[PDB]
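Letters A, B, C and D mark the chains in the order given here, with residues in each chain numbered from 1 onward.
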């Protein structure tokens, strides 16, 4: 069967669920999943993901959209999107030196545990061409020269635009992205990075965490923003470490943690379970 | 504010959520929480817990019930219940020799983390009278004599009936309950017990688990049934153990695990998040 | 640098650690990891794993082994072993229809997370030939015909001998192994399989479970033994399930659980961290 | 039976385990637990905890201590300690407005899960007098007036001295302690407090967090030091949060996290499982 997903965010008022479930009912659909959240009882914002089925979710789609928009969307000033499971989001993976993130994604993709359409892997290094190509996926090596940054980014954009990339995944890509680039992929660029307690801003954090004697290693997957501030956090987790682990053993623990947290975030983004509002997310698991 | 909770279970058909959220909307309520589950897309059974607020949830209650029953309940052959947070379920704790379960409950109750009204603690032993009374709660020691079982149970029932006990919690009560007794507390008697992998039916399981070299200890909180088969499982969890732990150390791990799992189940039952159907539960966390 | 590992098991006696470490000291070795365990304070059996490095673990090895046998071993009646990290254990993987456990092993092996030397994969089905050989590993299909089981085992055994397999992993191999077969691999056959709370013995476990309303799913890896009883358990773990997950998604989590649990017991074995005594194990992680 | 614990720390050298265990053996002791650690393979510092029992740990103790000092200690330049389980450490608890951390300590102490000898509770508020004294523990209220902080510390110190406090626990004590105060309790003051990913420095942490859309909350227990920097971390842990939880329920989970995390570091300390070297700790659990 075909599963349609209705993602909705709007100002919190009474009757949104009644309106939506009621609209869907009149169009002969059957809710298979319904979740909602309100940042505040009265006032604030409303969030809802509704997964459902219905006969002929084909040419019956543009019409389903027109009606929802006229009948419900406009009434509640809703921000929404109707997504179908059969749809496979054209994605791209940018990567630099580290390969733990990329590999987990490629493999999880290969055994069919990530519902996407991986179009290509872009890297400012050649290191992974062999492994990536063995998966039947285009590997594009486009160097990132000093000052010649704009040089590189132009190619990358053309590349993604040519392929119709809807999602860009930074699998430990070590180069910064100008606000202009990020501007073309709003809440469409997922990134991963190391976290700690307390936070460790410096050179070789995995040496500073060990130096402070931390008992935890964190990792944070988030949406990338032009904004001066880190984008909407998607997922966060930690791996326990003890006096036992050496800078060598912590790094391995942190990678396993990173590739896991990142895949989790990508899987969620692909299953359409992430709703963004302001600089936070509402993840409907 | 006052929080009202609508628990509903019925045969799965399209339009239940539309009907319920729509009814609540017309009665000027605001959904603060909505969760639902369907055992099967088409066919099967429907479950839903709706927490909400509204002005004057007082004398506006019996009327809210009449309408829901005439307008929604009868239409969908629903099994339902309207519960209020201000309501404090009159409960009772039966206990025998072990005290880990009872203590966790008493304390969690004392620091206000269990929304109930503990009326009394019944025991077929005297062991805990001192601790229980220090909490300002009646301790009733009613022996359970050989063959004179019916003798004991009569007192216990009279006791609970006199107090208006709505929930009975077996905090490691070591005596069996005749089907007649259980018959007066349908899905109102929560119990806790040890679990393993593989299961260990015998004398001194905590010696057989250690003897088999298990790496896990389990505990299961469930509703008690006259039925020959263990009642609806509410919650289940495990605690990891290694070659290191001795029968002495496993027992301590299993108790900490039991009192935790049991309190969790009681807290859920009290917050009205447990829906029973057949011999399973749908817990809305 | 070469990491030597000393695994020792013997009747618990005072002074075993003194004798073992004193010996290693005299031989100019430095202990990098030391772990011990005693089943009982008085009497019982002692277990210990000592990882150390030393100048010239070259042909200095045989002498190291002779000296330990004479000076410490015979004296304490210990069953021991001295392994070298660089000795990648020649292993084989048996598999039937299900591929989740096989794939995990293959990928973790390729990414270097499993220190072994995969020599071959054997199956009573041809299904996985393409994928396994894509990893550069020989695929040998040996059907298992009712009545002709005898003939199958002999071939399987010929292949393992010709390859000098030291470890046999059953990644969800669905065919029974005769005691005659197992007798040839004392504590050298690791198997994986389902587990539930309560347990289940029938057709469709992930069915009788969804049926009982369990909140957990268990997986158990263990060495295989000739006798009736299941062999020493190596690792056990769980995955939380609920009302949300379906009978389908319950099987998916069960696979991801098994694959992780089995790969873990394999790595611990390959890393020489498992000691067996009776029908239980000591795992020094 | 009396369990003796030998905590040792010294410049990593070959033969330390040989010398320590050989010594204990000669003195007729039996090792029940042995754990060691080396920060670096070559050079660095060695850490070790040995739990053992022995015939007549009576006045045989001073001799045991003399002999170890002469034969092993001075030789390896080790900072060591020999603790006896029966020596219940005299401890004190400081607390301000928040009571969650205090209550947990009090209850776990009463139920016997914290091997210590609570001598007193001191607060710059009178709020908890009734509850603390209900546990049979003296309550001493010492206000902290701006400008009169000096006068407060002196009294607090007089109370601790008169009681012979060996361990000072800060169960969310909201007042600053002068270096002069801390200097009197080298590695003897355990404190607890919030932590986030990313961290937060302002008014209302559980506000700036709900603000950033974090999915975790952290708590860190650690010894207090005179210097600017936070002292050696003892334990760290987390609690997952989401969109579901509110700013209210985020504080509730944060309390339950802190109380558990602090009580854990306290028990490990009381059980002599913490060794400090520089600004980090080694925790042998």
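Keep this in mind: contacts are C-beta pairs under 8 Å (C-beta built on N, C-alpha and C of every residue); 3 or more make two chains touch, one makes a residue touch a chain.
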Chain pair among B-C, B-D or A-C whose interface repeats that of A-D, sharing over half of the contact pairs by residue number: B-C
Separation of mean Cα positions, chain D and chain B [Å, integer]: 37
Distance between chain centroids, defined by C-alpha means - chain C, chain D (Å): 39
Per-residue overlap in chain B, given as positions that touch at least 2 other chains: none
Chain-to-chain touches, reported pairwise for every pair that qualifies: A-B, A-C, A-D, B-C, B-D, C-D
In the complex, chain D residues that touch chain C: 14-15, 17-18, 21-22, 24-25, 28-32, 34-36, 38, 41-42, 53
For the chain A and chain D complex, residues of the former touching the latter: 37, 47, 195-199, 211-216, 218, 220, 230, 232-233, 235-238, 242-244, 279-283
Complex contact set, residues of chain C against chain A: 103, 107, 111
